[PDB]
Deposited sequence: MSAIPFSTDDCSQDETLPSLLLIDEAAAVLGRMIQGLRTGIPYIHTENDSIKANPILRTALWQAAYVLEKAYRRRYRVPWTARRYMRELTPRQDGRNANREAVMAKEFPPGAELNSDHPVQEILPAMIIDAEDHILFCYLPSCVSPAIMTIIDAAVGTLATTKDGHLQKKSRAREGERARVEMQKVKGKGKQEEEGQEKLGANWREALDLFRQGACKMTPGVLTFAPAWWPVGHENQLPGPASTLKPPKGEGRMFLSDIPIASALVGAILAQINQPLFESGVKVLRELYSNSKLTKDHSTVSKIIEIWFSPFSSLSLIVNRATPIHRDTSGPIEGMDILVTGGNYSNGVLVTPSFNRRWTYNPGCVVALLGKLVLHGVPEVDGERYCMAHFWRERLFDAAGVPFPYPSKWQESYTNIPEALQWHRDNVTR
């Protein structure tokens, strides 16, 4: 599969670049691969390398380990319960380093050097941001696409807060607010009992979702390369899971479609969700494995984006081009209303795909693995 080869090249090249920035000997790309043939990809990798090196040089530490924090969590603690969240705040305080709105790349590590949060502002190069803007605009401006049909279905008529109307941007939008999800292997609502299959959004071979994916393979390669810089075992394990889902047709239904989607799937993650013109309340993401690091990319036409992490006592500037990697099941996070239109791409995981593929899900990486 050449797509997985491309994502490997992006990841490896990004690592060489970061190493060059650290040693003072600049990496010079000579190999004849996709990176030399596509300056947009090369430039985007260079920008991500700059931001990642800066973030790796600015590390805050909380006075507890992710393991104990996760053991105090209940299996579906998403942050709606104020009593238990106060319990968490007292048992796992921010610590002396964290007792201001940040703008500089940084990361939060636990007492045993595990990365819980990586803040990367302006990680995505303007070319790729333009590309993503165009793709999302095409998906959210179609007349009878999934988003418009859902948008009129909801006008005719927490708990399922991800599609609550109070959270969507009300006023002037050229992009249709809503939420869509894409994955080569997914279990539909209350179909979790069966084998996984392709997401409905991706099932038409020339539907709006498949073309949206075809519009952003280089953005997805960039996001995957960032993940590989932060957690290489997780990147490689996701790639192995994808390879196994491709090979072994007895793990999915409609495996023809799953294999095609994988062929145009330039990402090590299990799934990608697009949230258009919706505020995000403080929450924990409960649907993935404890150990999964998700990646958020925000874009649009706004100036006052903020991401709030209360258990770190921090607010982070969350403007177009900003990338955030985080343990979504551990870190409470939210994004208030912005002064304009916004979209978010959330790249995340399904542990059940991992056991099905026979690939262990790894524990979060320590930051020192960066420097080997």
- Message: Relative to the deposited sequence, which regions have no modelled C-alpha positions in the structure?
- Response: 1-16, 116-119, 178-200, 416-430
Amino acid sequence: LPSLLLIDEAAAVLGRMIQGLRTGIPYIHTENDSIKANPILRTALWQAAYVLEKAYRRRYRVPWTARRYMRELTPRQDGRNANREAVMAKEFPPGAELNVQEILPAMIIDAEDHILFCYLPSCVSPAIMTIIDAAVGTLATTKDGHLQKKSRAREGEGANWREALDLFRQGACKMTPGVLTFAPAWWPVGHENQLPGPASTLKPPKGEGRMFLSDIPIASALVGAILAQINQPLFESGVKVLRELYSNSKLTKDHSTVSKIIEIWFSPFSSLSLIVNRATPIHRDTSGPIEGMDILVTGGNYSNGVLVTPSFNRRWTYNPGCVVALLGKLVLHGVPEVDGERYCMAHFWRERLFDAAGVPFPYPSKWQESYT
From here on, numbers count along this sequence of modelled residues.
- Task: Please work out which of 312-320 and 44-52 has the higher mean CA B-factor as recorded in the PDB entry.
- Result: 312-320
- Message: I need to verify one thing: averaged over C-alpha atoms only, is the B-factor higher for 224-232 or for 257-265?
- Response: 257-265
- Check the PDB entry and point out which of 219, 241, 189, 293 has the largest C-alpha temperature factor. 189
- Message: For the CA B factor values reported in this entry, which option in 297, 127, 245, 139 has the top one?
- Response: 139
- Note on the structure: residue 29: CA B-factor among chain residues, third -> middle
- Item | Third assignment of residue 340 from its chain's C-alpha B-factors | highest
- Once the chain's modelled residues are ordered by C-alpha B factor and cut into thirds, is residue 57 in the lowest, middle or highest one? middle
- Message: Quick check on the deposited entry: does the C-alpha B-factor of residue 63 sit in the lowest, middle or highest third of its chain?
- Response: highest
- Among the modelled residues of its chain, the C-alpha B-factor of residue 105 falls in the third labelled lowest
